[PDB]
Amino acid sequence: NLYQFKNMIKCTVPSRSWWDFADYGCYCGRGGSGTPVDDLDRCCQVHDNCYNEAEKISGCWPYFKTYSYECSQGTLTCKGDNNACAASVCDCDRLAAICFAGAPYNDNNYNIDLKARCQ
């Protein structure tokens, strides 16, 4: 669910706010089209594609679905007790959190004009 994704992010990028990732580029936190602005934005595009695949499971609603994971400080693991939807969503969140940790953050791509940059 949304809060668990937020906490995963806090596990891997403890210095940045969840808000820095909530409105970046063409895909982070909002938007589903256009050319990704930079590598971080690409991470968000992959995450978006990942959630769309999980939504194919009947009744699977990513932002609302609770799952079992663990952050053993810096390290993320999706636990084996998860159902199909949970496990899928947990995987999507995990991979994105790790993707966000490696990508550089360009302050200029924060809170951009979707009409001007997103195709």
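Numbers for residues come from their place in the sequence shown, where the first is 1.
S.K.: Mean C-alpha B factor from the entry: is it higher for 78-86 or for 63-71?
M.R.: On average, C-alpha B-factors are higher across 78-86.
S.K.: If you average the CA temperature factors over each stretch, which comes out higher, 88-96 or 23-31?
M.R.: 23-31 has the higher mean C-alpha B-factor.
S.K.: Comparing against every modelled residue in the chain, figure out the third that the C-alpha B-factor of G102 lands in (lowest, middle or highest).
M.R.: CA B-factor rank for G102: lowest third.
S.K.: Is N1 in the lowest, middle or highest third of its chain when residues are ranked by C-alpha B-factor?
M.R.: Ranked within chain, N1 CA B lands in the lowest tercile.
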